């Protein structure tokens, strides 16, 4: 069931008490050094809360981030990271 490499990483187990806008800014803070980020998609709906899609421009970036930040304490919770199942439209509209 393991996913294949993707420009986008999927993060979950994120503290749900954090507002969308702050969450996006914070995530960008810790993940930017891995490479250019095209966007970070967060939502608070029942189905999507506690998860986020950080979309990296280059898969290598999505790969260090995934290995380097796995389990990183963030807002008191261990961040769980994977590769997103399919592509993000921002990436389709290019690659």
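Residue numbers count along the first chain shown, from 1.
Per-chain ranking of the deposited C-alpha B factor places residue 49 in the middle third. In the deposited entry, the Cα temperature factor of residue 26 places it in the lowest third of its chain's modelled residues. Sorting the modelled residues of the chain by their CA temperature factor places residue 61 in the middle third. The entry lists a Cα temperature factor for residue 84 that places it in the highest third of the chain's modelled residues.
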